[PDB]
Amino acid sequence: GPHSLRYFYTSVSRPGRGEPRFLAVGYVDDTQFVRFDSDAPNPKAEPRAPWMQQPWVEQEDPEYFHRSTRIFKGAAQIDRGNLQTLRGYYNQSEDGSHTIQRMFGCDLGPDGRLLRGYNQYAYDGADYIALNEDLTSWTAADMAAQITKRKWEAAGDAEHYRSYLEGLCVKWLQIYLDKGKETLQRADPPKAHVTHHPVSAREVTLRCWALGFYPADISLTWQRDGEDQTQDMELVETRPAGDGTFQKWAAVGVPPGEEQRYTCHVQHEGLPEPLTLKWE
């Protein structure tokens, strides 16, 4: 199935309070595996999954962390420059805090070949420049980013991203999926139950719970006699349990006595077949 390797770079200026801070995190699918923080005393790339703390890493590259460290310190340095130049482009005072984000990686087909590369930037939370899926031209969001586009196009920067994607990106994603097989590929189903919560004479809340599922992707819906109630149900965002699984619920207010007319539907890649369940 379709897997992804994504790094997330955030730098934030702090006028007066000192030098910009830089944070990086790497994910495979919904699973974080590394972190970096330019404010840590002797700052290094740090494993943040168990399957990154295991001897295979040394064996594939004994310089894994030192190299990742080197690259994050580079990215951190470049972003300190980006924050100065973006002030200029936008004609901003030195006084306010601003933010540069970068999100990059690759998706793999079930073919297991490169499906798609990403390399995109935001400034103060808004779309700045993104590499197009040709992997040669950039989409500038505004007239500041157009300067960046002219510069990067003229220097052929896109090419260095291309070969990272076609080289290292796919290569390491397959390594991670292999070595992290038990965590990354082994997909825990939701354990689902319905709870019953009186509100008044007129409505009882039927809340459908999905707990302990990985990956985060799920569909959680109430139907009355086969008819979807999506427009008239309460559905929280999928939220992390804290143990690397996710939680979700969907609630519907129904007349008391009507409880067995409602069926909760749960679909998740970890289920042999879609769960259907009811009150008690």
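Basically, rigid core = biggest C-alpha set you can superpose within 1.5 Å across the two forms. Each residue number is its position in the shown sequence, starting from 1.
Comparing 127 to 135 with 67 to 75 by root mean square Cα distance to the shown form in 4 other deposited structures of this protein, with the rigid core used for the fit, gives 127 to 135 as the more displaced stretch.
Comparing 159 to 167 with 105 to 113 in 4 other deposited structures of this protein, after superposition on the rigid core, the stretch with the greater RMS C-alpha deviation is 105 to 113. Relative to its counterpart among 86 to 94 and 68 to 76, 86 to 94 has the higher mean temperature factor, C-alpha atoms as listed in the PDB entry.
Higher mean CA temperature factor, per the PDB entry, when comparing 254 to 262 with 18 to 26: 254 to 262. Among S38, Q32, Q54, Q247, the highest C-alpha B-factor in the deposited entry belongs to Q54. Reading the B-factor column for the CA atoms of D217, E63, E46, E237 in the entry, the top value corresponds to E63. Among the modelled residues of its chain, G112 has a C-alpha B-factor that falls in the highest third, as given in the PDB entry. In this PDB entry, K278 carries a Cα temperature factor that places it within the highest third of its chain's modelled residues. The entry lists a Cα temperature factor for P50 that places it in the highest third of the chain's modelled residues. Residue-level temperature factors show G212 in the middle third of its chain, judged at the C-alpha atom.
When the modelled residues of the chain are ordered by C-alpha B-factor, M143 sits in the middle third.
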